[PDB]
Amino acid sequence: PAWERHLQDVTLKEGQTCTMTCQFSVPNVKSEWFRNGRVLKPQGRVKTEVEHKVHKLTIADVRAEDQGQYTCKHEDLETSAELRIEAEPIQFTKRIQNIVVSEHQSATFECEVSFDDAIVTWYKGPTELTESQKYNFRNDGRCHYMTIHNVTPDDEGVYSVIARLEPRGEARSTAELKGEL
């Protein structure tokens, strides 16, 4: 009975899944996991696992709120390390892109972001777009949408999107619309 590999230190940032690991001298024997000295209960955002000799914790999409000491135990024998994670700028994993659409039709702007509890807001030049029989919005968790109904000569111009949460580098991207003849 001994840890053959201690818990490893992990540097990351918000908006990423984190797995943290160690290894015991005995196959599949379950460990007691802890964080900030508290019992690390597997509950949706937090998970823990055991293998044929390794032991695991996974935080599905880390928050800066999840940083600190993590610990893994087996009766008398324990190991511990730190998770270090900054507030990154909330940014796009796909980014919005330019569109060419014929005037009778619709134009579907689309993007996707780093982190699961994100909010989105849509724009044309300085003006924010409200849902007004012309600009239609949807979310699919990490993914965001703006459908524009009709693409007139006036509907051309710079559009933008804002990805936003708490005040962590609120990222912004643009895309120009074009009318097809």
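We place every Cβ from the backbone using ideal geometry, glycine too, and count neighbours over all the protein chains shown. Each answer follows from the model by the rule given with it, or from the source it names; nothing here is a laboratory result.
Comparison of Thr93, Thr71, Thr79 shows that the only residue that is hydroxyl-bearing (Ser, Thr, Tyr) and not assigned by TED's automatic domain parsing to the domain that holds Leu7 is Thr93. For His52, the requirement of being in contact (Cβ under 8 Å) with a residue 24 or more places away in the chain, surrounded by fewer than 13 Cβ atoms within 10 Å (Cβ to Cβ), not assigned by TED's automatic domain parsing to the domain that holds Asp155 and not β-branched (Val, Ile, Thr) is met. There is at least one residue in segment 137-154 that is among the basic types (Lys, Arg) and within 22 Å of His104 (Cα to Cα). Screening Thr121 with (1) surrounded by 14 or more Cβ atoms within 10 Å (Cβ to Cβ); (2) under 30 Å from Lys41 (Cα atoms); (3) not assigned by TED's automatic domain parsing to the domain that holds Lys56 gives one miss only, at (2).
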